[PDB]
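Chain by chain, the residues:
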Amino acid sequence: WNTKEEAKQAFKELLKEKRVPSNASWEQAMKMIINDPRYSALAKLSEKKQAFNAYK
């Protein structure tokens, strides 16, 4: 990801793929993402969590 906004895009997309409950916590959503094999897409970014300031 070139910018944090691109990580944010993938974040929301994975939230849709994992049907993350609207009442789910940010940390819980992260856990559901980890379960997704596409997690590595976000893990690659050393500022993964720092890019999710719009969600945390």
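How each quantity is defined
- Residues numbered from 1 in each chain as written, not as in the entry; some residues may be left out.
- Heavy atoms only, no water.
- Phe/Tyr/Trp six-rings, centres within 6.5 Å; stacked < 30°, edge-to-face > 60°.
- Helix = DSSP H or I, 4+ residues; strand = E, 2+ residues; numbered from the N terminus.
- Buried < 20%, exposed > 50% of the residue type's maximum accessible area, 1.4 Å probe, protein only.
- Polar contact = N/O pair within 3.5 Å; in protein donor to acceptor, adjacent residues only side chain to side chain.
- Salt bridge = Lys/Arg side-chain N within 4 Å of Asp/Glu carboxyl O.

Structure determination for this entry, per the PDB record, employed solution NMR.

Overview of the packing of aromatic side chains
Applying the stated rule across the entire model yields 3 aromatic pairs. Here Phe11 and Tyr55 contribute two aromatic rings whose centre-to-centre distance is 4.3 Å and whose plane-to-plane angle is 35°, an arrangement assigned as tilted. Taken as a pair, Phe11 in helix α1 (residues 4-17) and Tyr55 in the segment after α3 (40-43) lie far apart in primary sequence, 44 residues in all. Of the residues examined, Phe11 reaches a relative accessible area of 1% and is grouped as buried. Taking the relative accessible area as the measure of exposure, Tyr55 reaches 33% and is therefore partly exposed. A ring pair is formed by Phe52 and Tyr55, whose centres lie 6.5 Å apart and whose planes are at 75°; its orientation type is edge-to-face. Assessed through its relative accessible area of 0%, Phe52 is described here as buried. By the ring-pair criterion, three or more aromatic residues cluster together here, those being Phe11, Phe52 and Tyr55.

Comments concerning the side chain of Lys48
Inspection of the secondary structure assignment puts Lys48 in the segment after α3. A distance of 2.9 Å separates the side chain of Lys48 from the side chain of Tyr39, its partner in a polar contact.

What about the pattern of salt bridges?
Taken as a whole, this structure holds 1 salt bridge when the rule is applied. Among the ionic pairs, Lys8 bridges to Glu5, the shortest N-O distance being 2.9 Å. Here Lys8 and its partner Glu5 are both found in helix α1, 3 residues apart, which amounts to about one turn of the helix. By relative accessible area, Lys8 is classed as buried at 17%.

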